[PDB]
Engineer: 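Can you read through this structure? Questions will come right after.
Numbers here simply count residues along the sequence, with the first being 1.
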Amino acid sequence: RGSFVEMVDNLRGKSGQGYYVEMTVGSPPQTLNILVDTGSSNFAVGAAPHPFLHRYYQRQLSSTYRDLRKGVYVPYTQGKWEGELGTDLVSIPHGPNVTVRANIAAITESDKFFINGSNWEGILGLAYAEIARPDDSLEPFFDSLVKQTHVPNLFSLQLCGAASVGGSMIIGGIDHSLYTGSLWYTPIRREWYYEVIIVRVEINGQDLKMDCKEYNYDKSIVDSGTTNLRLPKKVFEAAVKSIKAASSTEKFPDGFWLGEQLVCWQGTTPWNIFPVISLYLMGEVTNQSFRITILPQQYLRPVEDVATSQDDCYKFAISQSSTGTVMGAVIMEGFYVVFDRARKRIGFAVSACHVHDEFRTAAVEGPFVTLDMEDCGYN
Ligand SMILES: C[C@@]1(c2cc(NC(=O)c3ccc(C#N)cn3)ccc2F)C=CSC(N)=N1
């Protein structure tokens with residue numbers, strides 16, 4: 001009840017490949033590493049020997065498997081998985097001491113879904129039923145967990161990272177050792193993705209003076225399943241233009257800002273020429289907001305596997321989007337993030353583990369006065 005020591009440090013991963021938790025599926029239990037994804041709502045796992053997979057769900061061995069006799073084709077903007085739907089017994093060894101009958105999509109075909117060299121063989125969609133495939137009748141895992149057990153309807157994520165990353169996913173609660181200062185809550189605007197409303201943006205304290213509605217076009221979401229802070233092209237333009245201006249003692253190729261090239265130094269990174277980035281999020285109270293600030297340490301990520309270079313090369317991990325803002329790993333790694341489903345809100349605090357230097361720190365600050373925040377939501 002504020003201390004979940006068993007669950008601390010239960011996230012593992014590799015830079016650029018995401019965070020995974022260990023899960024078991026079936027009877028007797030088959031252990032699998034499962035990507036933690038707040039951007040989708042399906043629990044889907046490798047079920048055939050795709051050569052990139054360390055292991056896979058073997059239904060024939062599970063005595064508790066049930067077939068739903070339904071299939072599902074799930075495409076993304078590059079590329080896809082296809083699966084056979086069913087149920088089985090699932091548990092999280094370094095999570096609550098419980099077993100749950102949940103929906104499972106057994107992946108039988110894919111393209112560009114499994115990553116070569118990755119050490120995970122499935123995905124845990126933790127978002128809501130509205131975006132479940134094939135439809136909202138297919139209950140997501142977390143919903144099933146809460147319904148069948150006494151686990152409270154809340155989880156929290158401390159994505160730390162830095163070739164291997166680490167973190168904690170606290171199921172059913174909050175662990176206070178994971179954050180400093182105070183949690184600040186922003187409303188979940190609708191229960192499909194974890195949608196939130198950005199009401200103001202600053203670069204090094206400087207506003208952007210954009211219609212806040214632009215910031216949330218057509219959506220702003222919190223997503224552990226994406227690396228980048230992804231922005232709508234308009235906001236991206238204004239953002240980069242400002243980041244360029246804040247940054248203009250060094251010249252960088254246009255391709256770097258566009259994610260088309262890496263930039264390398266040899267630990268001689270001029271972190272301090274790079275501005276901090278602040279997003280004000282709708283608060284809990286009318287005309288009240290709060291501020292989250294990330295460092296260049298978050299949006300400039302080291303690219304490990306460059307055979308062609310002996311130096312330290314970095315990627316600009318702020319990119320343009322057509323699905324609205326994606327608050328991904330670049331954002332979340334600054335913070336302890338509480339997905340308070342019970343109260344339709346998302347909490348942020350400074351991560352006890354976030355990476356910084358002796359000059360600037362990731363911050364969560366409040367309160368602020370911000371009028372017309374409702375007009376910031378897109379309809
Ligand atoms: C379901 C999915 C998805 C997400 C991912 N996630 C990742 O590979 C990934 C990689 C690095 C990081 C980080 N940090 C997070 N996620 C892979 C496949 C996939 F289909 C679709 C697009 S974006 C999203 N939220 N989830």
Engineer: Kindly work out whether a path of hydrophobic side-chain contacts (I/L/V/M/F/W/Y, heavy atoms less than 4.5 Å apart) joins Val330 to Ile243.
Structural biologist: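 They do share one cluster, since a chain of ILVMFWY contacts under 4.5 Å joins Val330 to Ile243.
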Engineer: Just one of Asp37, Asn119, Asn10 clears the side chain to side chain donor-acceptor pair (under 3.5 Å) bar with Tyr20, so which one?
Structural biologist: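 Between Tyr20 and the candidates, side chain to side chain donor-acceptor pair (under 3.5 Å) is satisfied uniquely by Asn119.
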Engineer: Are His354 and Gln298 side-chain neighbours, meaning at least one heavy-atom pair lies under 4.5 Å?
Structural biologist: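 Yes, at least one pair of side-chain atoms sits under 4.5 Å.
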Engineer: Do the ring planes of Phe256 and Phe316 sit parallel (below 30°), tilted (30 to 60°) or perpendicular (above 60°)?
Structural biologist: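 Ring orientation, 0 to 90° scale: tilted.
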Engineer: Any idea which heavy atoms bring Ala127 and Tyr194 closest together, and the distance?
Structural biologist: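 Looking at all heavy atoms of both residues, the shortest contact is CA-CE1, 3.6 Å.
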Engineer: May I ask you to decide whether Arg190 forms a salt bridge with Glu130, counting only side-chain N to carboxylate O separations under 4.0 Å?
Structural biologist: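 Counted as a salt bridge, because a side-chain N and a carboxylate O are separated by less than 4.0 Å.
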Engineer: Just wondering, are more than 12 heavy atoms of other shown residues or ligands nearer than 6.0 Å to CD in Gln78?
Structural biologist: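 No - once you tally the heavy atoms of other residues, nucleotides and ligands closer than 6.0 Å, there are 12 at most.
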Engineer: Is there a side-chain contact between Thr186 and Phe290 (heavy atoms, below 4.5 Å)?
Structural biologist: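 With C-beta onward as the side chain, the pair touches.
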Engineer: Would you indicate whether the side-chain heavy atoms of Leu229 and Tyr299 approach each other to under 4.5 Å?
Structural biologist: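 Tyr299 vs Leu229: side chains apart.
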Engineer: Is the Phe335 to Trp184 ring centre distance short of 6.0 Å?
Structural biologist: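 Centroid distance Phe335-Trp184: not below 6.0 Å, so no.
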Engineer: Under 3.5 Å, side chain of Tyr19 to main-chain N/O of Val165, donor-acceptor pair present?
Structural biologist: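 A pair under 3.5 Å: no.
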Engineer: Is there a side-chain contact between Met282 and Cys376 in this structure, where contact means two heavy atoms from C-beta onward sitting under 4.5 Å apart?
Structural biologist: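 With C-beta onward as the side chain, the pair stays apart.
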Engineer: Could you go step by step and tell me if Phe274 and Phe252 meet the ring-ring contact (aromatic ring centres under 6.0 Å, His included) rule?
Structural biologist: CA-CA 12 Å; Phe274 293 100; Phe252 299 114; 5.7 Å; yes
Engineer: May I ask you to decide whether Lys80 forms a salt bridge with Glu82, counting only side-chain N to carboxylate O separations under 4.0 Å?
Structural biologist: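 No, no charged N to carboxylate O under 4.0 Å.
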Engineer: Could you name each residue pair satisfying ring-ring contact (aromatic ring centres under 6.0 Å, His included) that touches residues 199-246, not counting sequence neighbours?
Structural biologist: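 Counting only pairs at least two positions apart or across chains, the ring-ring contact (aromatic ring centres under 6.0 Å, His included) contacts touching residues 199-246 are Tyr217-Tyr378.
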Engineer: Could you check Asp305 against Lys14 for salt bridge (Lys or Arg N to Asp or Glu O under 4.0 Å), going step by step and ending with a plain yes or no?
Structural biologist: CA-CA 12 Å; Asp305 61 334; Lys14 317 295 292 199; over 6 Å; no
Engineer: Considering only NZ, NE, NH1 and NH2 on the basic side and carboxylate oxygens on the acidic side, decide whether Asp207 and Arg200 come within less than 4.0 Å.
Structural biologist: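 Between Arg200 and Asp207 there is a salt bridge, with a charged N closer than 4.0 Å to a carboxylate O.
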